[PDB]
Amino acid sequence: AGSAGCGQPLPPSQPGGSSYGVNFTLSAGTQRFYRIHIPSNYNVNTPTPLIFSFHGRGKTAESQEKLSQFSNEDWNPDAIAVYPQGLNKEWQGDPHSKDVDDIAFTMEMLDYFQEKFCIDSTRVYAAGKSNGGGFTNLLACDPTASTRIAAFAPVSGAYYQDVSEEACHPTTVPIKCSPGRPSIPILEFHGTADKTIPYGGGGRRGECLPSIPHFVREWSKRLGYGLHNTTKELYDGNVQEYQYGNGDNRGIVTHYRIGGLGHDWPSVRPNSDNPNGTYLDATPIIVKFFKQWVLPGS
Ligand SMILES: *[C@@H]1O[C@H](CO)[C@@H](O)[C@H](O)[C@H]1NC(C)=O
Ligand SMILES: *[C@@H]1O[C@H](CO)[C@@H](O)[C@H](O)[C@H]1NC(C)=O
């Protein structure tokens, strides 16, 4: 479904250029910032997909664009890419983020993009690294945002639960989540050697992180009746791909476990996270995943 902005010309200092930085003031008055990349094939009459990519704690929109490579037209030819900036270089959900409504920021950003661009409102996506992956999950866990965003790709996400380290049991801790629709697509990447946001979860900064299998299981549990899974060994079995599904919706929840990888956006080439490279590039996999899943009618 093409948005109201269809037919409108691009903002006049923006068509396939370097990303552009924009100040944007929310209804209630906080001035926020994002960088936006317009695909070189953008047409003002063609409903266009949109990807939000949320940076890690202490990082920036600009650094996240370099890391996540969603402005790379070889990997993402079709979608607008938006890199929002977190206040204090962090996002809602972090133990340090207080009374910052980043969900409202995201929702008002989306409303803006629908107004000014030809957005396909059935193909709006969210991805993020770490704090930004946690925030991606919060979007999926929000009754409203989960009905407006088609699919979600947290990378090494930090799914902080408000439970003390002493009481933290990472394989069973409740994960606070209220999706507004069934069949939410989730793609999660995580390194087994992550020391920052551990694969096995546990106490962190006064709060509690779930184990990543626990996270994955809790999402898949929602697919409910007909639930099945497969495992595949990839890259000579250094990577495991787990897919959950039901009545022929195979992989609606997918997890890549990357053996030996740290707290890193997966890339074959060096990136700002990881100087060595790993077995695979997450971003093409994420783009393909987004393409698999649209927001269903109603
Ligand atoms: C955004 O706002 C700040 C002041 O709040 C200003 O310093 C900055 O240059 C502005 N940037 C753009 C792209 O408008
Ligand atoms: C990169 O490779 C070196 C060995 O050359 C290793 O010591 C280091 O832990 C690696 N770093 C990461 C982030 O994987």
Side-chain angles (χ1 to χ4, degrees), residues 51 53-56 59 63-77 79 81 125-130 132-134 136-137 151-159 170-171 185-202 209-220 223 227-245 249-293:
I51 304 174
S53 175
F54 296 96
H55 62 71
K59 310 300 182 303
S63 74
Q64 178 62 16
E65 168 173 40
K66 294 170 173 161
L67 182 71
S68 64
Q69 287 288 306
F70 289 104
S71 305
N72 179 335
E73 304 244 348
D74 299 335
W75 287 351
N76 170 32
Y125 304 99
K129 174 74 192 303
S130 193
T136 291
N137 191 60
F152 304 83
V155 175
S156 308
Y159 317 114
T171 69
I186 304 292
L187 166 62
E188 204 277 353
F189 291 78
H190 223 104
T192 59
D194 193 326
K195 302 294 181 169
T196 299
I197 306 299
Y199 196 82
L209 295 166
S211 78
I212 302 310
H214 178 45
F215 176 82
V216 169
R217 284 191 304 262
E218 294 296 298
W219 272 115
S220 64
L223 306 174
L227 172 57
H228 13 76
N229 64 61
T230 54
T231 301
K232 296 177 179 49
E233 297 295 339
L234 308 181
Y235 297 101
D236 294 323
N238 289 292
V239 170
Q240 295 69 50
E241 177 190 358
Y242 309 85
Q243 290 174 285
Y244 301 83
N249 65 0
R250 313 187 184 166
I252 193 142
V253 177
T254 294
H255 168 55
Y256 292 76
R257 172 184 180 242
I258 308 172
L261 184 69
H263 191 60
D264 304 312
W265 191 279
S267 182
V268 166
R269 288 183 167 185
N271 64 25
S272 59
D273 280 347
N274 178 1
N276 300 327
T278 183
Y279 303 99
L280 62 80
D281 297 303
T283 294
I285 296 168
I286 297 167
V287 171
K288 181 187 178 68
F289 183 84
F290 288 167
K291 283 196 204 305
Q292 194 69 33
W293 305 114

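In what follows, every heavy atom counts, from backbone to side chain, and hydrogens, waters and symmetry copies are set aside. The first residue in the sequence is number 1, and the count goes up from there.
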Approximate separation, where rounding is to 0.5 Å, of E188 CD and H190 NE2: 5.5 Å

For the residue pair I285 and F189, establish whether any side-chain heavy-atom pair is separated by less than 4.5 Å. yes

Are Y199 and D194 side-chain neighbours, meaning at least one heavy-atom pair lies under 4.5 Å? no

Closest contact, heavy atoms only, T196 versus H263: CB-CG, 3.7 Å

What's the spacing between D281 CG and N271 CG if we round to 0.5 Å? 9.5 Å

Return the CD1 to CD1 distance between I197 and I212, rounded to the nearest 0.5 Å. 8.5 Å

Identify, with sequence neighbours excluded, every residue that meets side chain to side chain contact (heavy atoms under 4.5 Å, CB included) alongside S272. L67

Once side chain to side chain donor-acceptor pair (under 3.5 Å) is applied, what residue pairs with a partner in residues 68-77 remain, sequence neighbours excluded? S40-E73, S53-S68, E65-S71, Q69-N72, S71-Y83

State which residues pass side chain to side chain contact (heavy atoms under 4.5 Å, CB included) with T192; sequence neighbours excluded, sorted by chain then number. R257

Please report the shortest heavy-atom distance between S156 and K129, naming the atom on each side. CB-CE, 3.8 Å

Would you say the side chains of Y159 and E218 form a donor-acceptor pair under 3.5 Å? no

Nearest 0.5 Å please: distance from the CG atom of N249 over to the CH2 atom of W293. 5.5 Å

Over all atoms of both residues, closest heavy-atom pair of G251 and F289: O-CE1, 3.3 Å

Could you list the residues that satisfy ring pair (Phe, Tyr, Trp, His ring centres under 6.0 Å) with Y244, not counting sequence neighbours? none

Go through it in stages, so that I can follow the logic: the residues are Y279 and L234, the test is side-chain contact (heavy atoms from CB on, under 4.5 Å), and I'd like the CA-CA distance, side-chain angles, deciding distance and then a yes or no. CA-CA 9 Å; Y279 303 99; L234 308 181; over 6 Å; no

Residues forming a salt bridge (charged side-chain N to carboxylate O under 4.0 Å, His left out) with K291, sequence neighbours excluded: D78

Close side-chain approach of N137 to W219, heavy-atom, < 4.5 Å: yes

Check ring pair (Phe, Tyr, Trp, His ring centres under 6.0 Å) between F70 and all other residues, then give those that pass, not counting sequence neighbours. none

Taking atom CG of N229 and atom OG1 of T254, what is their separation to the nearest 0.5 Å? 11.0 Å

Can you name the nearest heavy-atom pair linking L209 to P170, along with the distance? O-CB, 3.3 Å

Looking at every non-hydrogen atom in both residues, tell me the closest pair between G245 and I252 and how far apart they are. CA-CG2, 4.3 Å

Is any side-chain heavy atom of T278 closer than 4.5 Å to a side-chain heavy atom of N238? no

Going by the angle between their ring planes, with limits at 30° and 60°, are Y242 and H255 parallel, tilted or perpendicular? parallel

Minimum heavy-atom separation for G128 and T136, please, with both atom names. N-OG1, 3.4 Å

